[PDB]
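Protein chains in written order, with PDB author numbering: chain G, 31 to 69; chain B, 30 to 340; chain D, 8 to 13; chain A, 2 to 56, 64 to 177, 182 to 234, 240 to 354; chain C, 52 to 91, 99 to 272, 292 to 385.
Even for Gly, the Cβ is constructed at its ideal location relative to N, Cα and C.
Report on the following structure.
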Amino acid sequence: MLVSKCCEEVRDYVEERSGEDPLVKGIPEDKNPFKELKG
Amino acid sequence: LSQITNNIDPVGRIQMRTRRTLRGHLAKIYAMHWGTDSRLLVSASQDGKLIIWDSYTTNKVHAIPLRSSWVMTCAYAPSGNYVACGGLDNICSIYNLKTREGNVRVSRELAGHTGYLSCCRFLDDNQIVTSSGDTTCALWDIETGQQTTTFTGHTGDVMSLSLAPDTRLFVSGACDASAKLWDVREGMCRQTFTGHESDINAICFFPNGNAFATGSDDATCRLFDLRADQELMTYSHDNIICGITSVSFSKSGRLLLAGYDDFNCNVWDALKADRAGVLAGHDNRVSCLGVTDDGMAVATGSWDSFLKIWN
Amino acid sequence: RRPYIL
Amino acid sequence: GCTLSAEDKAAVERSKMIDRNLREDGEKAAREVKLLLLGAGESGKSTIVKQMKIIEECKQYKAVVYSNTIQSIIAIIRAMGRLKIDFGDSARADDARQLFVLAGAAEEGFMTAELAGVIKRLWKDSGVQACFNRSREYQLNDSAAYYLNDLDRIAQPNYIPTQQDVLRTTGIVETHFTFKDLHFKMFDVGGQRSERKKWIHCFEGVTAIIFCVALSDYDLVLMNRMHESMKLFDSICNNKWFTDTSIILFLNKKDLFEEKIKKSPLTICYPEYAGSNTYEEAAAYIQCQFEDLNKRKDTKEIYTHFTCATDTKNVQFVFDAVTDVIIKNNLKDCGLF
Amino acid sequence: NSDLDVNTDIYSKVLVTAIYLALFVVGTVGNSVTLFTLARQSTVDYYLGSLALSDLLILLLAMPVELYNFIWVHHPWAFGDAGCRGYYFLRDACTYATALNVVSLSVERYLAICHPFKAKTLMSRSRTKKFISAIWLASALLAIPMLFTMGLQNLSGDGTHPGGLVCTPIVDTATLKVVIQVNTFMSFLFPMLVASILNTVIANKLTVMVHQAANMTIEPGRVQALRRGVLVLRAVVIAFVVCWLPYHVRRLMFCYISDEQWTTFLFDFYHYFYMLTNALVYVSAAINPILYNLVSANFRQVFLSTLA
């Protein structure tokens with residue numbers, strides 16, 4: 031059922047969401063909850 | 030898909046460090062599900078325990094002693110009130126986190142099955158879908174104890190299951206190499222997907238809820254579309270031949286995390302079908318991995334009894 | 008006569 | 002060290018007490034000896050389990073007992089509306105309502121004097137009993153009568169569930189028997205039927221597989242059943258996970274087999290054999306036909322026994338085999354051998 | 052200005068060079084083939107590889123310099139100041155590596171048999187590689203005192219001859235005595251204790267299991302490996318005592334006698350005994366692969382099949 035349109039939908043969905051994604055953009059390590067803060 | 034989606038610039042090399050490490054288990058871990066608050070995660074293993082960790086402080090907020098040690102799956106309800114677990118005992122036992130007593134107890138034992146339970150997912154606090162060992166899937170209602178809608182129609186036994194984000198429907202995979210898109214409300218299958226050589230071991234929805242990837246014993250992840258009713262992409266690479274035990278997407282969908290039996294997890298660019306990164310933490314089969322709904326952390330459990338949390 | 012050997 | 006005002010320290014103390022409970026139960030499991038049972042055609046799987054098992065936890069089930077009891081009586085009451093059965097005494101209608109009010113407001117199974125009274129009166133009512141006796145027409149817990157008849161005991165404030173209460177609350185069957193001061197777990201895995209290629213890897217780390225064959229199934233047909246048992250034994254012994262784990266082979270129903278070999282020959286089962294129609298030679302030929310199938314012999318070793326519904330010298334041979342496999346695993350784990 | 056040279060019989064010197072070369076070739080071949088075999099449960103493999111590695115390093119480092127610089131040229135240091143410091147640093151780091159490896163292997167076997175859960179939790183390949191790296195770092199830290207104590211000194215007739223220079227502890231006798239006696243104290247009396255008692259209780263467990271093996294209905298030809306395990310256990314303990322006792326008795330002898338008791342006869346006896354003690358430590362470092370070889374006659378087959 032028009033697989034090109036559907037994979038283009040997957041593409042535009044992810045490229046819409048790629049920027050605010052905290053793993054492909056990455057972390058600034060100060061907004062990271064997984065800074066360790068231990069000794 | 031790679032001929033279309035190659036104009037987008039690549040993600041670059043992904044380097045992630047083990048931001049936490051959740052020790053305590055004495056066997057192979059088989060499952061892990063985040064919470065919808067993205068802080069608690071449950072993780073079950075063959076030593077009779079499932080343990081509700083706090084991912085930030087590495088604290089064990091709970092540890093539930095199970096009646097039969099053989100446990101293939103677990104799920105964490107989106108309220109945070111319930112957990113579930115089932116294995117070779119054919120019983121998807123259900124535990125109540127938020128009790129007045131504060132002691133987790135088996136609210137009900139869901140039974141009436143002639144096979145091991147491959148997977149459980151929570152719809153609501155009163156609806157739970159499972160994936161059995163008699164080649165069928167089901168949907169239980171916990172308050173009655175009766176299975177509401179039994180899903181019959183596979184020939185080889187079913188191996189995974191993945192609810193959609195809006196939980197109106199779900200996808201289950203089996204040894205037929207046929208992923209089927211069931212429907213919760215009506216009660217019949219809608220679409221059947223072939224395209225794998227052998228058995229499929231891992232299914233995860235794309236975050237929009239309009240697609241899903243599928244990890245198999247054929248060293249091939251294959252992302253399918255539900256509307257277009259056919260295979261869309263074949264995430265596979267040469268020099269690797271081992272099986273896949275778990276898959277999960279990122280929050281945006283840009284990177285999919287595949288769990289191989291070369292003892293380490295690989296990170297696939299979901300658009301160019303490139304191995305974008307290697308997560309080389311574990312020293313045995315990576316049996317389960319999962320990404321937070323907030324998209325910040327990725328925890329991965331394995332048969333060396335170590336949950337690592339990468340970021 | 009001490010040996011330095013060690 | 003931040004402690005976040007006394008609660009992070011108590012969270013870490015909770016985590017450490019959970020670690021303590023983990024290490025105690027993990028020691029109990031790591032000292033525990035796990036044994037696999039296999040065999041498709043019935044091959045003494047019963048006989049061996051009856052010969053094996055012949056030689064605070066309850067409190068955890070309290071609210072399950074309550075839950076099951078509440079579910080049972082609700083099932084009956086609801087069915088009365090569907091089957092159009094009236095209460096014996098119209099006054100029970102108020103009690104039926106109260107049942108739903110009390111179950112409706114609670115978090116999980118529970119029992120109070122008030123609830124016990126409501127359920128007791130409902131259960132003694134003649135309409136409720138008439139519906140109960142039509143239970144085949146709806147879905148009702150098998151243990152409904154068991155709990156409802158014992159309600160008075162179960163409703164006592166200091167109620168502690170008995171073993172039978174717990175048993176009253182169809183796959184693998186675990187028997188956790190002990191012998192010669194050492195505990196044994198026996199996994200009757202042949203109850204559930206599915207693809208063995210997708211769950212046998214749960215069973216790596218089993219100390220010893222106890223494979224069972226009936227001798228007398230040499231001539232029956234579905240294709241010989243004995244050839245099916247040899248292919249099943251082949252598929253398990255040469256498996257990629259059980260490379261180190263040895264096999265305790267049993268040969269069951271030997272006296273039947275003696276009768277069946279004194280009447281019928283053995284060439285019909287295996288063509289290329291021309292030995293004697295004697296007991297010891299035919300038993301040696303079947304044993305050598307099974308133990309030739311291991312493609313590896315430097316790693317593991319099959320331990321064969323002849324048994325039936327006699328010979329009580331069984332569990333000592335089981336523990337001799339378990340000791341030899343555990344000693345060879347320990348030697349291998351040491352830098353010796 | 053040539054003195055302190057000890058005039059020994061040349062046939063005894065040739066005869067201990069031949070022993071040293073035999074232990075050299077045997078230890079190098081054995082340790083090379085064991086590391087290649089272990090390289091081609100995992101924790102006892104890395105433990106045996108670390109002990110064999112430490113023995114190969116003690117041979118290839120210590121053997122040819124000690125050979126050339128005590129047997130042939132008996133007085134001058136061939137290797138300079140950092141040569142002395144590095145020689146005693148390596149040598150004593152390898153001594154602590156060997157002693158702590160045999161400690162860890164004996165605790166691992168005692169753990170592996172008498173506490174199987176506690177040995178499951180204490181053993182992981184991540185933890186074992188971290189632990190062996192830790193023990194090599196600790197052997198280097200405990201060998202730092204053989205850096206700062208030791209050095210060059212000129213003990214010629216006037217202290218100015220370029221050939222009167224020796225390689226010696228440059229510190230006084232009390233500090234020397236305390237450093238060397240705490241080395242011999244912890245590095246030997248603690249491994250003799252753990253090896254003796256642990257391996258004794260393992261041998262008790264194995265002899266009870268042998269008496270319970272004489292389960293003859295279950296038994297194939299596999300009571301040989303239990304007697305061989307008793308023999309290899311006892312070979313480990315006896316070889317460690319007999320090979321690392323005379324070396325530290327020699328160093329004790331150097332430790333206590335303040336030269337008022339030394340004569341010419343004890344001088345000569347000390348030099349010949351030094352030769353014999355380095356013979357025994359190389360016998361240890363070469364007879365590890367032997368008594369791990371000969372007991373595991375299938376792993377032995379693996380050795381000789383890879384060699385052929």
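Please report the distance separating the alpha-carbon of residue i from that of residue j.
i	j	result
residue 126(C)	residue 319(C)	26 Å
residue 152(A)	residue 83(A)	9 Å
residue 52(G)	residue 340(B)	9 Å
residue 325(A)	residue 103(C)	44 Å
residue 184(B)	residue 205(B)	6 Å
residue 160(B)	residue 100(B)	13 Å
residue 95(A)	residue 133(A)	7 Å
residue 180(A)	residue 185(A)	Missing here is residue 180(A): after 177, the next number in chain A is 182.
residue 334(C)	residue 227(C)	15 Å
residue 272(C)	residue 220(A)	22 Å
residue 90(A)	residue 322(A)	59 Å
residue 131(B)	residue 52(B)	24 Å
residue 224(C)	residue 133(C)	6 Å
residue 166(B)	residue 179(B)	6 Å
residue 38(A)	residue 162(B)	19 Å
residue 198(B)	residue 58(G)	37 Å
residue 195(A)	residue 280(A)	43 Å
residue 218(C)	residue 155(C)	38 Å
residue 271(A)	residue 40(A)	17 Å
residue 380(C)	residue 330(B)	37 Å
residue 72(C)	residue 304(C)	33 Å
residue 7(A)	residue 108(A)	43 Å
residue 168(B)	residue 269(C)	58 Å
residue 343(C)	residue 253(C)	32 Å
Can you give the beta carbon distance from residue i to residue j, rounded, assuming they're within the 8 Å contact cut?
i	j	result
residue 326(B)	residue 48(B)	7 Å
residue 111(A)	residue 78(A)	5 Å
residue 33(G)	residue 282(B)	With 8 Å as the limit, residue 33(G) and residue 282(B) do not qualify as a contact, their Cβ atoms being about 17 Å apart.
residue 294(A)	residue 278(A)	6 Å
residue 284(B)	residue 277(B)	About 10 Å separates the two Cβ atoms, so there is no contact after all.
residue 201(B)	residue 213(B)	Their Cβ separation, rounded to whole angstroms, is 12 Å, which puts residue 201(B) and residue 213(B) out of contact at 8 Å.
residue 159(A)	residue 251(A)	Rounded, the Cβ-Cβ distance is 55 Å, inconsistent with contact.
By the DSSP assignment, the alpha helix (DSSP H) with residue i in it spans what residues?
i	result
residue 70(C)	61-90
residue 300(A)	296-307
residue 134(A)	134-140
residue 241(B)	Element bounds for residue 241(B): not the alpha helix (DSSP H) but the beta strand (DSSP E), 240-245.
residue 114(C)	100-115
residue 149(B)	Element bounds for residue 149(B): not the alpha helix (DSSP H) but the beta strand (DSSP E), 148-151.
residue 82(A)	70-91
residue 234(C)	231-242
Along the chain, where does the beta strand (DSSP E) that runs through residue i open and close?
i	result
residue 188(B)	187-192
residue 248(A)	Looking at the DSSP string, residue 248(A) is not in any beta strand (DSSP E); the run it does join, the alpha helix (DSSP H), is 242-254.
Using only CA atoms, which one of the options lies nearest to residue i?
i	options	result
residue 105(B)	333(B), 334(B), 322(B)	322(B)
residue 61(C)	129(C), 209(C), 74(C)	129(C)
residue 268(B)	289(B), 257(B), 256(B)	289(B)
residue 95(C)	302(C), 131(C), 251(C)	Placed between 91 and 99 in the numbering, residue 95(C) has no coordinates, as chain C goes from one to the other without interruption by modelled residues.
residue 375(C)	337(A), 343(A), 336(A), 349(A)	349(A)
residue 234(C)	88(C), 257(C), 329(C), 251(C)	329(C)
residue 194(C)	300(C), 111(C), 344(C)	111(C)
residue 336(B)	63(B), 30(B), 31(B)	63(B)
residue 332(A)	29(A), 52(A), 21(A)	52(A)
What does residue i reach in chain H if we use C-beta pairs closer than 8 Å?
i	result
residue 92(B)	Among the protein chains in the structure shown, which are G, B, D, A and C, there is no chain H.
Requested in this report: Kindly provide the ranges of any alpha helix (DSSP H) runs that are 4 or more residues long and lie completely inside the region 111-180 of chain C, ordered along the chain.
Outcome: 121-124, 138-172, 174-180
Requested in this report: Run through the region 208-283 of chain B for me and flag every whole beta strand (DSSP E) of 3 or more residues, listed as ranges in chain order.
Outcome: 208-212, 220-222, 229-234, 240-245, 250-254, 260-264, 273-278
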